[PDB]
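Engineer: One structure coming up, written as C-alpha coordinates, with questions to follow.
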Amino acid sequence: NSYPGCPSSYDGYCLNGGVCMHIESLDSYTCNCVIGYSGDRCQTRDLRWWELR
(Lines of atoms letter the chains of each structure in order from A and count residues from 1; the text may use other names and numbers.)
(Lines give C-alpha, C1' and ligand atoms only; values in the text may rest on other atoms or scores of the structure.)
Protein backbone atom coordinates (compact mmCIF):
# COMPACT_ATOMS: atom_id res chain seq x y z
CA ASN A 1 0.00 0.00 0.00
CA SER A 2 2.73 2.46 0.95
CA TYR A 3 4.58 2.18 -2.36
CA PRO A 4 7.19 4.81 -3.33
CA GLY A 5 5.05 7.52 -4.92
CA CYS A 6 5.70 11.27 -5.05
CA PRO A 7 5.82 13.90 -7.87
CA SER A 8 8.81 16.19 -8.26
CA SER A 9 7.73 18.84 -5.73
CA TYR A 10 8.53 16.08 -3.24
CA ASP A 11 12.31 16.26 -3.53
CA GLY A 12 12.97 18.95 -0.95
CA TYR A 13 9.68 19.46 0.91
CA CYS A 14 11.36 17.78 3.87
CA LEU A 15 14.61 19.09 5.39
CA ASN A 16 15.30 15.71 6.95
CA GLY A 17 15.65 12.33 5.23
CA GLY A 18 12.04 11.33 4.63
CA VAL A 19 10.66 8.46 2.60
CA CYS A 20 8.41 9.73 -0.18
CA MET A 21 5.09 7.88 -0.56
CA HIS A 22 1.70 8.24 -2.25
CA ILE A 23 -0.59 6.24 0.06
CA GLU A 24 -3.85 4.88 -1.34
CA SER A 25 -7.09 6.83 -0.97
CA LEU A 26 -6.43 10.47 -1.87
CA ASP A 27 -3.12 12.22 -2.57
CA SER A 28 -1.39 12.71 0.78
CA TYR A 29 1.98 12.75 -0.97
CA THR A 30 4.63 12.98 1.75
CA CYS A 31 7.90 11.63 3.11
CA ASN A 32 7.66 9.28 6.10
CA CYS A 33 9.83 10.78 8.85
CA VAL A 34 12.39 8.57 10.64
CA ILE A 35 13.69 6.92 13.77
CA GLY A 36 14.76 9.70 16.05
CA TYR A 37 12.82 12.55 14.67
CA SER A 38 9.31 13.62 13.78
CA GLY A 39 6.67 16.36 13.79
CA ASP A 40 5.44 18.26 10.74
CA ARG A 41 8.29 16.29 9.17
CA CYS A 42 11.05 15.56 11.68
CA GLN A 43 11.39 19.29 11.79
CA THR A 44 12.02 18.24 15.32
CA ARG A 45 15.29 16.59 14.43
CA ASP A 46 17.18 15.31 17.39
CA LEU A 47 20.27 16.42 15.52
CA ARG A 48 22.93 13.82 14.98
CA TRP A 49 22.20 10.75 17.02
CA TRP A 50 20.84 8.14 14.67
CA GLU A 51 21.73 8.02 11.00
CA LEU A 52 24.53 10.06 9.39
CA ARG A 53 23.83 13.05 7.14
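Count begins at 1; order follows the chain as displayed.
Per the header of the entry, the method used was solution NMR.
Placed from the backbone N, Cα and C atoms, the Cβ positions cover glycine too.
According to Swiss-Prot, the disulfide bond annotation covers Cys6-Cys20, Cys14-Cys31, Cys33-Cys42. The feature domain 'EGF-like 9' is assigned by Swiss-Prot to 2-43, with sequence analysis given as support. Taken from Swiss-Prot, the feature region 'Not required for full biological activity' covers 48-53.
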Engineer: Which one is it, among the disulfide-bonded residues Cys14, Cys31, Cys33, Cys42, that lies nearest to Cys6 (disulfide bond) by Cα separation?
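Structural biologist: Ranked by Cα distance from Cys6 (disulfide bond), first place goes to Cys31.
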Engineer: Give me the Cα-Cα distance between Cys33 (disulfide bond) and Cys14 (disulfide bond), rounded to a whole Å.
Structural biologist: 9
Engineer: Note down the number of other Cβ atoms within 10 Å of the Cβ of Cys14 (disulfide bond), including every protein chain shown.
Structural biologist: 19
Engineer: When DSSP states are grouped into helix, strand and coil, how many residues of the domain 'EGF-like 9' (2-43) land in each?
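Structural biologist: Split into helix, strand and coil, the domain 'EGF-like 9' (2-43) gives 0 helix, 9 strand, 33 coil.
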Engineer: Measuring Cα to Cα, tell me the gap between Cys42 (disulfide bond) and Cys31 (disulfide bond) in whole angstrom.
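Structural biologist: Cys31 (disulfide bond) has its Cα 10 Å from the Cα of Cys42 (disulfide bond).
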Engineer: How long is the line from the C-alpha of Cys31 (disulfide bond) to the C-alpha of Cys20 (disulfide bond), rounded to the nearest angstrom?
Structural biologist: 4
Engineer: If you skip the near sequence neighbours and keep only those at least six away, which residues in the chain come within under 8 angstroms of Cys20 (disulfide bond), Cβ to Cβ?
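Structural biologist: Expected: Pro4, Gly5, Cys6, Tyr10, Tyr29, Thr30, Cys31.
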Engineer: For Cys6 (disulfide bond), what is the tally of other C-beta atoms lying within 10 angstroms of its C-beta?
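Structural biologist: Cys6 (disulfide bond) is surrounded by 18 other Cβ atoms within 10 Å.
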